[PDB]
Student: 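Quick one: the structure is below, and I'll ask about it shortly.
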Amino acid sequence: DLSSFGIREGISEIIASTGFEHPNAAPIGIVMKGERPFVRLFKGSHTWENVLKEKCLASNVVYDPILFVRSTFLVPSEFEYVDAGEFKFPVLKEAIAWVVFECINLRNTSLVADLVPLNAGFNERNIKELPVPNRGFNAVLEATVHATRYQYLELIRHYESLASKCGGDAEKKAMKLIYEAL
Amino acid sequence: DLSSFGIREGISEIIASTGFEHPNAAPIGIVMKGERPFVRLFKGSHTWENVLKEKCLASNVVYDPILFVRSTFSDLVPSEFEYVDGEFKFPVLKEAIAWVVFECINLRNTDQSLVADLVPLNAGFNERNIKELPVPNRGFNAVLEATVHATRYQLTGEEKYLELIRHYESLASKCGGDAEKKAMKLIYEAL
Ligand SMILES: Cc1cc2nc3c(=O)[nH]c(=O)nc-3n(C[C@H](O)[C@H](O)[C@H](O)COP(=O)(O)O)c2cc1C
Ligand SMILES: Cc1cc2nc3c(=O)[nH]c(=O)nc-3n(C[C@H](O)[C@H](O)[C@H](O)COP(=O)(O)O)c2cc1C
């Protein structure tokens with residue numbers, strides 16, 4: 001039941017892990033519009049390269065804005081390996097919940113692929129506080145989108161003030177990290 | 001532990017319930033920056049009037065964008081609330097994920113706002129209301145922003161705001177589910 005692992009109606013903003021041979025993480029929206037979940041991957045990214053080669057991707061639900069930003073620009077010790085068929089596949093140690101997916105029906109449009117769930121897990125250890133809407137966290141999320149597009153600088157500058165007004169220390173540090181990264 | 005009930009560092013966007021004698025709900029940001037949480041209420045609102053008289057307010061954590069927009073632009077009906085416990089009961093939302101009843105203290109005017117610190121009196125969790133895992137969704141986030149800009153459009157009349165609402169409608173349509181798309185329709189109807 002994908003809903004329990006954060007894969008929900010609309011576009012769920014998660015951190016996608018890929019790379020059996022070298023783990024990689026990057027924010028990705030998984031889309032759910034009534035049928036199988038699917039992804040639309042910008043061509044050229046390591047996520048795109050990994051899905052083409054390996055046809056596997058895992059979702060990682062993350063509420064930490066620092067992790068979102070660091071993954072927009074993670075080292076192997078940050079990943080753990082979980083069962084994906086007879087292979088093991090990297091997910092984030094700090095994931096609240098993960099689902100490993102086989103990527104199917106690959107088609108260029110970006111690269112689009114539908115997702116078939118292989119295995120899923122929940123990390124009780126990782127939920128310490130109750131999630132609550134925070135416009136500062138939302139602002140960091142909008143900044144990472146523009147950062148990725150930039151890879152826009154003017155736009156990132158605006159979100160900074162919302163992150164500073166509404167964010168906690170973690171949102172403020174994440175926004176600092178974006179500024180440093182570019 | 002307030003973080004267990006959704007009162008976290010920074011400004012937590014919740015729906016505040018107030019009104020011993022007639023329950024009222026409205027989106028409000030509770031601010032936490034190292035000490036007691038506090039609220040900055042715009043003068044003249046129903047939440048403001050109830051805090052002034054009663055000095056009590058409850059946070060309600062809500063992930064439903066429909067309830068956000070309805071509480072912003074409408075009156076929730078008394079059947080949407082339930083009563084929880086010092087002496088006297090106090091209204092919280094039945095659809096709240098988690099609620100905290102606070103005594104409002106140190107009421108002070110600054111600017112065109114009433115500021116109050118918050119001392120928790122009681123708190124609860126509604127297991128029954130968590131059915132899916134929360135996940136960041138830019139459509140939900142767009143609904144939140146659109147509600148802010150819509151209130152400013154009512155302020156100020158500026159077209160700058162209708163243009164922003166249209167951009168957020170676009171994200172709600174792309175990224176949201178059915179609930180977000182319904183929420184945006186309610187914003188439009190309200191305007
Ligand atoms: C919140 C957010 C959502 C994103 N969603 C997608 C997406 O669904 N598809 C995509 O290709 N890129 C998406 N991106 C952009 C990628 O995260 C970005 O290009 C990333 O840095 C690629 O890194 P990689 O080469 O390691 O895969 C998103 C970025 C942000 C911050
Ligand atoms: C996301 C969001 C956050 C808000 N935060 C506050 C706030 O913290 N303080 C405040 O006075 N009004 C805030 N508002 C505006 C009130 O929600 C709005 O004026 C509401 O209509 C008040 O209704 P009431 O008269 O029933 O109190 C916020 C609105 C939105 C949509």
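To find a chain, count down the sequence lines: A is the first, B the second, and so on, and within it residues start at 1. For the numbers below, each heavy atom of this structure counts, side chains included, while hydrogens, waters and symmetry mates do not.
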Student: Is B:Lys53 paired with B:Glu21 through a side-chain N to carboxylate O contact shorter than 4.0 Å?
Tutor: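 The answer is yes: the pair qualifies as a salt bridge.
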
Student: Please flag which part of B:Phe5 lies under 4.5 Å from any non-hydrogen atom of chain A: side chain, backbone, both or neither.
Tutor: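 Just its backbone gets close to chain A.
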
Student: How are the rings of A:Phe87 and A:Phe20 set to each other: parallel, tilted or perpendicular (split at 30° and 60°)?
Tutor: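 Correct class here is parallel.
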
Student: Chain B: which of A:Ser12, A:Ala97, A:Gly6 shares the most heavy-atom pairs with it under 4.5 Å?
Tutor: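 Looking at each option in turn, the highest pair count goes to A:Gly6.
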
Student: Parallel, tilted or perpendicular for A:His146 and A:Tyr152, by the 30°/60° rule?
Tutor: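 The arrangement is parallel - the two ring planes meet at less than 30°.
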
Student: Please flag which part of B:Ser173 lies under 4.5 Å from any non-hydrogen atom of chain A: side chain, backbone, both or neither.
Tutor: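 Only the backbone of B:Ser173 comes within 4.5 Å of chain A.
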
Student: If we define contacts as heavy-atom pairs under 4.5 Å, which of A:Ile14, A:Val145, A:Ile96 has the most with chain B?
Tutor: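 Heavy-atom pairs under 4.5 Å are most numerous for A:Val145.
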
Student: Could you tell me whether A:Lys176 and A:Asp169 have a side-chain N and a carboxylate O separated by less than 4.0 Å?
Tutor: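 Salt bridge flag = no for A:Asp169 with A:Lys176.
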
Student: Which bit of A:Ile7 is near chain B, if near means a heavy-atom gap under 4.5 Å: side chain, backbone, both or neither?
Tutor: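 No part of A:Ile7 comes within 4.5 Å of chain B.
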
Student: Looking only at heavy atoms and a cut-off of under 4.5 Å, which of A:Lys33, A:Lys172, A:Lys165, A:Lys128 has the most pairs with chain B?
Tutor: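 The answer is A:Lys33.
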
Student: Given the options A:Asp1, A:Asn134, A:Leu141, which has more heavy-atom pairs under 4.5 Å with chain B than any of the others?
Tutor: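 Top option by heavy-atom pairs under 4.5 Å: A:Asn134.
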
Student: Do the side chains of B:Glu9 and A:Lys173 get close enough for a salt bridge, i.e. N-O under 4.0 angstrom?
Tutor: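 Looking at A:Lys173 together with B:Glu9, the answer is no, because their closest N to O distance does not fall below 4.0 Å.
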
Student: Using non-hydrogen atoms and a 4.5 Å limit, figure out which bit of B:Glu145 sits close to chain A: side chain, backbone, both or neither.
Tutor: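 Side chain only.
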
Student: Using side-chain heavy atoms (C-beta onward) and a distance below 4.5 Å, is B:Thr18 in contact with B:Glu54?
Tutor: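 Not in contact.
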
Student: Looking at B:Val135, B:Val62, B:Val31, B:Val61, which makes the most heavy-atom pairs under 4.5 Å with chain A?
Tutor: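 When all of B:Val135, B:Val62, B:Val31, B:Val61 are compared, B:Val135 has the most.
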
Student: Going by an N to O cut-off under 4.0 Å, is there a salt bridge joining B:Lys43 and B:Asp111?
Tutor: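 Not counted as a salt bridge, because no side-chain N and carboxylate O are separated by less than 4.0 Å.
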
Student: Pick from B:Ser4, B:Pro136, B:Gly10: which one has the most heavy-atom pairs with chain A under 4.5 Å?
Tutor: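 Answer, by heavy-atom pair count under 4.5 Å with chain A: B:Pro136.
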
